[PDB]
Amino acid sequence: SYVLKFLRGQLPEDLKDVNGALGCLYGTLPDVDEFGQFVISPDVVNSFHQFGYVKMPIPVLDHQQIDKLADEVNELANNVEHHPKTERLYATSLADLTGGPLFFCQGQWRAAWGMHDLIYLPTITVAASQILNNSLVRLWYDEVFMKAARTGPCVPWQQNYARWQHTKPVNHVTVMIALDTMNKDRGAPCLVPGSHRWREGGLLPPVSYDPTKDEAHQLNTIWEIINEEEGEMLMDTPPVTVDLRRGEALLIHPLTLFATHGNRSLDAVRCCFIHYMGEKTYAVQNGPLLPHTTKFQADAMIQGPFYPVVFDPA
Amino acid sequence: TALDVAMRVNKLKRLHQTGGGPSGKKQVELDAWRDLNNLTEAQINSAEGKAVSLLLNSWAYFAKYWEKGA
Amino acid sequence: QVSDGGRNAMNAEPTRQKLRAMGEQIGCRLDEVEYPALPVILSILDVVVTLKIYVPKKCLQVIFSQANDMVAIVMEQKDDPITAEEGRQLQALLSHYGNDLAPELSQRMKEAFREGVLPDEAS
Amino acid sequence: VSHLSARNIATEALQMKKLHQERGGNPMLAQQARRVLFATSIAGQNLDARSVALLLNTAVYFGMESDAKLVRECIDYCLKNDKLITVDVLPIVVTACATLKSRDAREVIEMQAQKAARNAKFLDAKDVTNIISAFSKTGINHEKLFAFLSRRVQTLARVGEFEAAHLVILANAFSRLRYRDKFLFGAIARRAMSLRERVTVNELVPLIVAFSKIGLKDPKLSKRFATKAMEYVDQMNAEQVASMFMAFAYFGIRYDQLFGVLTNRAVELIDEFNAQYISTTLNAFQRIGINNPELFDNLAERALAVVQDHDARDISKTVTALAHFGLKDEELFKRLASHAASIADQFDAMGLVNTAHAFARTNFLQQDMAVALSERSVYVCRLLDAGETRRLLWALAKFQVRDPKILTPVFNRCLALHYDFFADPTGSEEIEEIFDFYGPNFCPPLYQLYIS
Amino acid sequence: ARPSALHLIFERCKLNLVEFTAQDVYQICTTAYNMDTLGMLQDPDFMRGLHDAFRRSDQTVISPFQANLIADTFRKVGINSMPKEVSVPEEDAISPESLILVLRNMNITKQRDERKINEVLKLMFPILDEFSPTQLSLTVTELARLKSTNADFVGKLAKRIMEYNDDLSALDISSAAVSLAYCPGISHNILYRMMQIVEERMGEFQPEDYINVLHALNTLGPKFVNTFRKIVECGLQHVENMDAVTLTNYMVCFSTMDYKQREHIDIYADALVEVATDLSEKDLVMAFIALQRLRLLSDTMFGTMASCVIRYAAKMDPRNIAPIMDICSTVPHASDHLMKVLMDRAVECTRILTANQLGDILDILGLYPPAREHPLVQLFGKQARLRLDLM
Amino acid sequence: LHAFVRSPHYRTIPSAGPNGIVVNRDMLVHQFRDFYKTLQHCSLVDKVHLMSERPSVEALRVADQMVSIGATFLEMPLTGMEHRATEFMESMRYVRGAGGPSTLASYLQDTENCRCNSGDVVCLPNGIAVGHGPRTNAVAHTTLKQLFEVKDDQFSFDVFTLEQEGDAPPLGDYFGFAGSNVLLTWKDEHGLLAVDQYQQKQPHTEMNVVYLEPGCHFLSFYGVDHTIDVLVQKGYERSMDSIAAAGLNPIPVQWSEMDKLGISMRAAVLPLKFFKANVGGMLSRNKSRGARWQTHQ
RNA sequence: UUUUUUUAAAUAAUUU
RNA sequence: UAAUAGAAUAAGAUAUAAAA
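As C-alpha cells, then:
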C-alpha cells in the first residue's frame, strides 16, 4: 500500500509482528556461527537437574540495561497517564484503574522496547535450550512483579505447572531476573531443594490464599499441602532463600515449589520471569490458550506469531 | 547505640587532622581501628543515616593513613 | 465594503453618506454609556475619527472625563494595564479634538509620559 | 558516539530521518537510529529550543511512543518553556506531537495553535506552508486559524511568492483538512498558471489529485487541468497514470479524449503495475462508471502474478471492483480468497465488510476465507455504521455461520442503530433475506422491530 | 576489600534499609568526591542505592548548590539524576527570601519555568519596598540570567536600586549595569540614567568592574558611545598594566562603537599584543577579529597574532576555524603554515561540521591555490552531497 | 537592512486621484507586484517584509511613521495622522517581529508645537540635512539640533537647515545623495536651490551634481556598503543615461499609478538597520562583500 | 482580471 | 564553601457531499 511520508519509519501497532529483534539493549543478534560464546558449563546443568534450580554464574545484563528495564517497568504502571499499547497485554493489575500494593503484568513483550528484546537474549536462551535437551525453544510468556515499599505482599507456595494444565507435555523451564537488589527482607525467592521429583512428577494440591494476613502464616501454609515423606524431606532440606544482585539470573524447574517474600525495605522491588518451552509441545483442548490468541485444535503443535521461536540449534 | 561510637571516632579523626595527640597519630589510628571494628550486627542493623554517614566518612579518611587498604 | 470602481461605482458616494448619517444617530447619544476600560473608548473614537462622523461636544467631554478617572487610578495606585501606545493614541485624539475639552487629562497624561508609569507592548 | 554532545546527536538524527524518509528505507539506518536514540537524555545540559524539538521529532518518527523517556523529557521542556518556541520551531513540535495522543500532547498542540493564530499576520512564504502542513498532519478543527492562514496565503500569492513545491504542499494541506474555500484554491491555481513551465509532471500530478479530492465542483478548472495533463502523458510513470485515473474519477466529469490516451499508456506499462496500481485503477473505473473490458482483462491478468504482493486494502478494492462489473476470474478469486484468509488480521473495520460482501455477492463461497473473516468480525463489529452492519450481517448469513460468539456482537450493533438500520430503502430486500435464514427465533427484539 | 562491619554497612545501604536525609547524602557524596579509598564511585550497586535514598528525601533543607552537586556527582558515575523542583510559597510562607530562593533554585539546577517565574513576579510586587538593597541586586541578576521578557518589573527594580545610589558599592553598580544591559526590552531612559551613575564613581572601578562595564557597553550599542569615551580616557593612565582579557574587551568595544579617534586605538592595540600570549582560545579569536575589523593588522601585528594562534591551531574548535580562515584572507601577508594546519584540522573534523560551517569553509577555500591539491576537496564533496538535505 | 512595504487594498482604491486624473486599479496592483519583485532582486536588502492590506489607501505611505538618524530611531509627531495611529501600531508589530527595536524614541512627540515629517531629512555624509518648509516648524529644527548636533575634532555630527518654498515637495523626493560623492537633484528650481544651499553651508566640498528630469521619482539606499543600485522611473530615459554615466546602476521600475495618486518611491518603503545584541565580549560574523586572496591571483 | 476581516459577547434548559 | 553563554537552516496522497 502507500505509507505516508511521515509514517514510513513507525513500528507495528504491537511488537508481535516485528520479525526478529530490535537493536535496543545489546544491538543485533550474533551470527549463526557466533552462538557458541554464550554456552554454559555442564556443572550448572547438573545442578539444575539435581536441585530443580540453579543460578547463572555471571550477571546477564550491564547496569545501564537494568536501569533502562527498571524505567520500562516503572512506566508500565503509571496509573495517571496509562501506558500506550496497554490493550496488547494478556492481564494487568490496573484493569480496575486503581492498582494496589502489588503490580503484576503478563505478556509485556508485545508492549515495550527492551522487554521484547530481552526475550531473545542469547545468554539465557542458550542455557534454557541446554536444559531442554538442545531443541528449538519457544517463549511461553513473560511476567513482571513490582511490590511497593513497607506494604508489599508475598505470593504463597505455588507450582508453575499448575497454571499450564491446558498444555499436554511437561517440557518447560523458567528464568527469573532481578531488576533490583533482592534479599529476604525484599521479595527474595525461596525454593525447596529436590521438590520437582516428589509426586512422581505430579502436581500438589493448590494452597489456600487468605489475604490481609502476616507473611509468616502465608509462608508457613506449606505444611498443609504436603504429605509425611515430603515433610521429612522438608525437615532434612528446609526451604532456601536466594540472594540476587541487580542483574543475576536464576533457572527454576516448572515443578519445584517456589515462593517470594514480602517487601519491608524503603523502596519498591522489581523482578521479571520468562517461561521457556520446548519444541515437542501440544495442546489438549480446542480454542485459544491465552486471551485473544490463535486457536488450536486437539493435539496441535504450538506455533504462530504469539509463540515465536527464539533460538534454533541449526 | 552506634551514634556515640560514631561521634567519638569523629572526635578522634578531628584530633588526628589537627595534631597528633599525646600518644601519637599511629596510636590514634590503632584506637580508631579497634573502635570501628567494635561494631556488631545489632547497632548496624538499627543505625540511622547520620551515624552511618559519619562512620563511612571516618573510615574512608583513616584508610589513606593506614598501610593496608581496609 | 463599498467599491469606488465597481459595477455600482456611481452609487458608492451616496451609500457612504447614508452610513455616516446612521453613525451620527449613534454618535449623538454617546454620554449615557459607562466605559469599563480604555480600549472601548479608543475603539469608538477611532471609528468616529476615521469615518469622519460628527459628534457633539457634550459626549466628547463626558468621554474624556470618564477616561481621566481611569488614567488617574492607573497613575496613582500603581499596585493593582494601560500600555504606552494606547496612551499616545488617547493624547493624539484629545489634541485633534482640542485640549479645551479636558484640561486635567492633558497635563496628567503628559506627566505619565514623563515619569514612565505606562509599560510597553513588548512587556 | 559518546563524545558527541546533544546538539550533534540532534543534527545526526535529523540527517538520518531525512536519509530514511527520502532515499530508501534501508533497515540498517532505522535500527541504528533507534539504538542511538534509545540511550540519550536531555538532563543537566542547557539546550536550545531547536535542538530539543529536533530530538523529539526524530525520536517520535522512529517509532518511539509517549512512554519513552526522551519523549517525556522533550515534552516537559516544551510545556515549561513556551515563549522560547518561536514560529521557526513550531512546525517541528506540532509534527512530533501529531501522532502522540495524551494529555500533554493535546495541551501543547492547543497552545501552539493559539500562538500561530495570534501571529498569523506576520509570517512569510516558508512559515505559512510549514505551519499549515504541520497542522494538517494532526487532526485539529481550529477554523479561525485556518481562515487567518488562508487570508495570509492569498495576500502572499497575489504578489507571487510561492513555487511549485509550495503550491503542492499548500494544496495537499488544505485538502486534507476538508477546508472548502473557493478563493484560496482559485488563487493557488492562478499562481500555478503564472508559474507556467516551472511545474513539471512530478509537481503537477499531486496538484490534480488534491484539487479533485477537495471537490470544488468547478468544471472550469477541471477542463484546464485535463488539457494541461494531455501533453504530459508520454512522460508519466505507472504510479502517475493510476494517480490521474483516481483523480479524474474523483472529478466526476467524463473526458473521453483523455481517458483513451490514459488507457493506451496504462496498457503500454502493464509490466510495471504492482497490486496497488491495479487496485487503484479498478477502483477509479468503478467510481467513474465507465466499463472497458479490454483494459480489464490485462489488469486481471497482471493481478494474477502478483497475488503475494496484495495487501488487505488492495484485495478489498480489487474484489469489490471486480464484483461490481460482473467479471469472472475463478483462479484470481480463489487466490485472493486464500490470501485474505492468510492475512485476516490486517483488515480494518470497513475493509473486512466490503471484502465479505463482495465475495458473497458473487456465488463464490470458500471455507478458508469464510471462517477467518467471521472470526475477525468480532473485533470490528464496534466500529460499523448501520448500512455496513446490514451488509456484514447479510454476508455472514450467506456464509451459513451460526456460532453465537460471532452473531452476538453484530446483532448488538444492529440493535443499537435500529432506526438507521430500517430506514435505508436500498437495503430493504437484503433485510428480507437475512431473516429468511435466521428466523424469528434469533434475536426476537430485532424481529419485533422488523414487523413494525 | 570490605571488612565485616564495612561490608554490613554497605549491604544495609544497598538494600535501601537506612533512612537518609539530604544532609547525610550530601556528606557521603562530599567524602566520595574528596577521597576514593573505599571505592564508593566504583560500586554501581551502592551509588544506585544512594540515588534511591536521595530521590525519596526532602531536598528543601539543603542549599540549591548542594542539590546540584549531588546531581552532578551522580551524573558523573552514570546515573541520570535531577533534583526536585521547588514549589512556589503559598499563604504565610510569603517572604522576600523564599521568593529569591525560588529563582536561585531554578537558576543553579537548570530548571527554567516561565509559569513559575510569572507567578513569583506577580507576588513579589506589593512587598518591593520591604526588600533590602542587596536583595534587589540579587533579584536583578537572577532575572537577567533567566532571560525573562518582563522588562517592566526589571525596570522597576532598577529604579528602586538607583534610589539607593549611596548604599551600593562599585561591584554592585557594575553588576546592576551589566544585568540591565542584558535585558532586551528595558526602556532607554533608565538605561541612560544607569550609565550616568556608572559615569561617576569612575576611579573606584576594579578590573572586574571594568570588565562588567565594557560588557554592558558592548551589549548596548553605539548610542552610548559618549559614556564609553570616559572609559577609554580613564584607562589611558593604566594601559601599561592591564589584564589581557580587559584589553580584549577594550578591542571588542572599539570595534563595536566604531570609534574614530585613532591614537587611543593604536595605543591600546600596541599594549594588547604585548601580552596577547596569555589569552585563551576564544579571547584570542576575538582579539584577532576585532583587530581585523579596525584595519590594524600590519606585518608584525599579523605575525605575532598568527604565532600566538598556531599553538591552539592543533585542537581548534570547529566554530573557530572559519573566522581565522577569513582573517587570513583580505590581508597581503604570508600565512601558509597557519593555512596548512587549519586545513588539516578541518579535514580531521569533517564528520561533525554543520552545514553552515562546511559551506563557510568551502567558500573561504574556494579561491585558495594550495587548497586544490588536498584530500579536503573530495572529503568535503562527499560530505556536502550527504548534507544537501540540511542546507 | 530590512525593507518594509504594504500591499494595496484593491476594493477601496480611489477612482480618480487628486487633480481629477484617472487611475487603473489592475495596473496599480501589477506595478506594486513589479516593485516588490525589484526590491527582492536587490542584493543589499537582507529581507523585504510585506504587511497585510489596510482599508485606506494612505496606508501605502508607510515611510511617514519614523526616521533613522544614525543609531536613533525617532518617531514622528502624531499631530496630523490621528486616523493612522492604529496603522502605526500594526507597523510597529511588524518591526518588532523581525527582531528590531522594542520601541521608538519619543523625543519629538513630547515637545510642543514640533511639526515635522519623515522625508525632509537627508542622511548626508557627516550628518543630516533638514529642510525648512511649511510642513516642519522651527521648533523641530531646534529640537533636532539639540538632540543630535555635536561639534568635535572627530565626534562631529552636522545638522543643516535648507530653506524651501511652500509648494516644494518634501526634500527626500527631489534632493538626495547617492553613491558616495554623487548628489542627485531634480533639474528644478527647488533642486538647484537646495544644491546651492548645501554647497554654501558646507564650503570647500567636492561632489558631482547630477540633474534628473522633473517628475522622475528615485530611491537610493545610501550607506557604507556603497551600493550603487538607484531605482528610477521607467518613462524617463535621460535621467537613466545620466545615472549610468556617473558609474551607477539604474534599475527601471514602472511607477505610473502610484505617481498619479501622489505617492513616490521614497514614501512607499521603510528601510531600517537592525543588529543582534552580543552578550559578553562578542563579534558576530558578517557576510563578505569583496574578493578573496587578491595577492595570489 | 478582482471581491476577506478588528467584541469582555453568557438569556437555550433540565432531572440524563 | 562553590554559577559563564557563541551557531540561524523548507517534502508532497486516509475509501464522502447542488449554482457572479
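Residue numbers (PDB author numbering), protein chains in the order written: chain 14, 36 to 349; chain 7, 80 to 149; chain 10, 409 to 488, 500 to 542; chain 6, 58 to 509; chain 8, 19 to 409; chain 5, 11 to 307. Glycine residues also receive a C-beta, built at the ideal position from the N, C-alpha and C atoms.
Alpha carbon to alpha carbon, how far is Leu376 (chain 8) from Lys283 (chain 5)? Give it in angstroms, no decimals. 28 Å
Of the residues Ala67 (chain 6), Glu445 (chain 6), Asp493 (chain 6), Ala162 (chain 6), the one placed nearest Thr483 (chain 6), counting alpha carbons only: The option with the nearest alpha carbon to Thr483 (chain 6) is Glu445 (chain 6).
In three-state DSSP terms, what is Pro260 (chain 5)? In the structure shown, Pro260 (chain 5) sits in a strand (DSSP, three-state: E or B).
Determine the direct distance from the alpha carbon of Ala244 (chain 6) to that of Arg215 (chain 6), and round the result to whole angstroms. Their Cα atoms are separated by approximately 8 Å.
Opposing strand residues paired with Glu173 (chain 5) [DSSP bridges]: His142 (chain 5)
Completely contained alpha helix (DSSP H) runs for the segment 151 to 235 of chain 5, where each covers 4 or more residues: Runs found: 199 to 211.
In angstroms, rounded to a whole number, what distance separates the CA positions of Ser411 (chain 10) and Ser66 (chain 5)? 12 Å
Going along chain 5, which residues have a C-beta under 7 Å from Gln508 (chain 10)? In chain order: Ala95.
Given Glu366 (chain 8) as reference, the closest of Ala332 (chain 8), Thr348 (chain 8), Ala389 (chain 8), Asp354 (chain 8) once Cα atoms are compared: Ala332 (chain 8)
What does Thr202 (chain 14) pair with, by DSSP beta-bridge criteria? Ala318 (chain 14)
Does the segment 74 to 88 of chain 14 come into contact with the segment 152 to 171 of chain 14, if we say contact requires no fewer than three beta-carbon pairs (one atom in each stretch) closer than 8 Å? yes
Looking at chain 6, which residues of the segment 11 to 41 of chain 5 have a Cβ within less than 8 Å of any of its Cβ atoms? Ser17, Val39
Can you find a CB in chain 8 that lies within less than 9 Å of the CB of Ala541 (chain 10)? yes
Residue range of the unbroken alpha helix (DSSP H) whose run includes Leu241 (chain 5): Note, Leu241 (chain 5): premise wrong, no alpha helix (DSSP H); beta strand (DSSP E) at 239 to 243.
Under 9 Å between C-beta atoms of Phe492 (chain 6) and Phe468 (chain 6): no
Taking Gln200 (chain 14) as the reference, which of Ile260 (chain 14), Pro188 (chain 14), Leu325 (chain 14) has the closest Cα? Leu325 (chain 14)
Around the C-beta of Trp138 (chain 7), are 16 or more other C-beta atoms found within 10 angstroms, so that it is buried, or is it exposed? buried
List, in order along the chain, the chain 8 residues whose C-beta lies closer than 7 Å to that of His98 (chain 14)? Result: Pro62.
Answer with yes or no whether the minimum CB distance from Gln164 (chain 5) to chain 10 is below 9 Å. Contact of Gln164 (chain 5) with chain 10 is not assigned, every C-beta pair being separated by 9 Å or more.
For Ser190 (chain 6), is the classification buried or exposed, using 16 other Cβ atoms within 10 angstroms of its Cβ as the cut-off for buried? buried
For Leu524 (chain 10), which residues from the same chain have a beta carbon less than 6 Å from its beta carbon, with the 5 sequence-adjacent residues on both sides left out? Correct list, in chain order: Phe472, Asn476.
Is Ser269 (chain 6) helix, strand or coil by DSSP? helix
What does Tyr118 (chain 6) touch in chain 14 if you count any residue whose Cβ is under 9 Å from its own? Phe41, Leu42, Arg43, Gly44, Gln45
Could you work out which residue in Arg145 (chain 5), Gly137 (chain 5), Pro144 (chain 5) is closest to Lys155 (chain 5) when comparing CA atoms only? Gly137 (chain 5)
Distance, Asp271 (chain 14) Cα to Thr80 (chain 7) Cα: 39 Å
Need the endpoints of the alpha helix (DSSP H) that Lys92 (chain 7) sits in, please. 82 to 97
7 Å Cβ cut-off: residues of chain 10 touching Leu88 (chain 5): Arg507, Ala511
For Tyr125 (chain 14), the nearest candidate out of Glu110 (chain 14), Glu283 (chain 14), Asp106 (chain 14), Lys51 (chain 14) (CA to CA): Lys51 (chain 14)
Taking beta-carbon pairs under 7 Å, can you tell me which members of the segment 39 to 56 of chain 8 lie near chain 7? So the close ones are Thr39, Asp42, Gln45, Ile46, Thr49, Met53, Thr55, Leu56.
Contact set for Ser251 (chain 6): own chain, Cβ-Cβ below 7 Å, skip 5 residues either direction: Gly217
Within the 9 Å Cβ cut-off, does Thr167 (chain 8) reach chain 10? yes
With a threshold of 6 Å on Cβ separation, who are the neighbours of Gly142 (chain 14) within its own chain once the five nearest residues in sequence on each side are excluded? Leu124, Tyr125, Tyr176
For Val344 (chain 14), which of helix, strand or coil comes out of DSSP? strand
Do the CB positions of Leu352 (chain 6) and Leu389 (chain 6) come within less than 9 Å of each other? No, Cβ-Cβ distance for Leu352 (chain 6) and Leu389 (chain 6) is not below 9 Å.
Completely contained alpha helix (DSSP H) runs for the segment 433 to 480 of chain 10, where each covers 4 or more residues: Those alpha helix (DSSP H) runs which fall completely within the segment 433 to 480 of chain 10 and span 4+ residues are 446 to 459.
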